[PDB]
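Form deposited in one PDB entry, single chain, as structure tokens, below.
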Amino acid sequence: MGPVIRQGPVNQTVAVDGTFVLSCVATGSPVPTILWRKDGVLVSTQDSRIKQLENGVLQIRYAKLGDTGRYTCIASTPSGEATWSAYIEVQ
């Protein structure tokens, strides 16, 4: 009763070496678990360039060409899921 993403990530063109963000703000009951996937695979933390900040913001520094793709916010709850994705083009 039950997860809504109120702000999700936004489609972007980003420059190589730059820094960009994936934001996700979710409500629900109970509090939803948030996870991020890129082209269907769960995003790394082992990558020093990719950091979890506060207020829903996942931040990616030193953009590479291979960061291009689809990034999905999945908000979960034993009773439901929501998803909100964006396409990031690094060039």
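Sequential numbering from 1, following the sequence displayed. Basically, rigid core = biggest C-alpha set you can superpose within 1.5 Å across the two forms.
Novice: Return whichever of 51 to 59 and 25 to 33 has the greater mean Cα B factor according to the PDB record.
Specialist: Looking at the record's C-alpha B-factors, the answer is 25 to 33.
Novice: Going by the B-factors listed in the PDB entry, is the mean over the C-alpha atoms higher for 13 to 21 or for 74 to 82?
Specialist: Stretch with the higher mean C-alpha B-factor: 74 to 82.
The protein also exists as the form deposited in another entry; that form is not presented, and the subsequent description refers to it.
Novice: With the core superposed, a Cα shift of 2 Å or more between this form and the one not shown singles out one residue among 12, 79, 19, 83. Which one is it?
Specialist: Shifted by 2 Å or more: 79 only.
Novice: So that I can tell if residue 42 moves, could you say whether its C-alpha shifts by at least 2 Å between this form and the one not shown after the core superposition?
Specialist: The answer is no, as the C-alpha of residue 42 shifts between this form and the one not shown by less than 2 Å after core alignment.
Novice: With a threshold of 2 Å on the C-alpha, tell me if residue 59 counts as moved between this form and the one not shown once the core is superposed.
Specialist: The answer is no; the displacement is under 2 Å.
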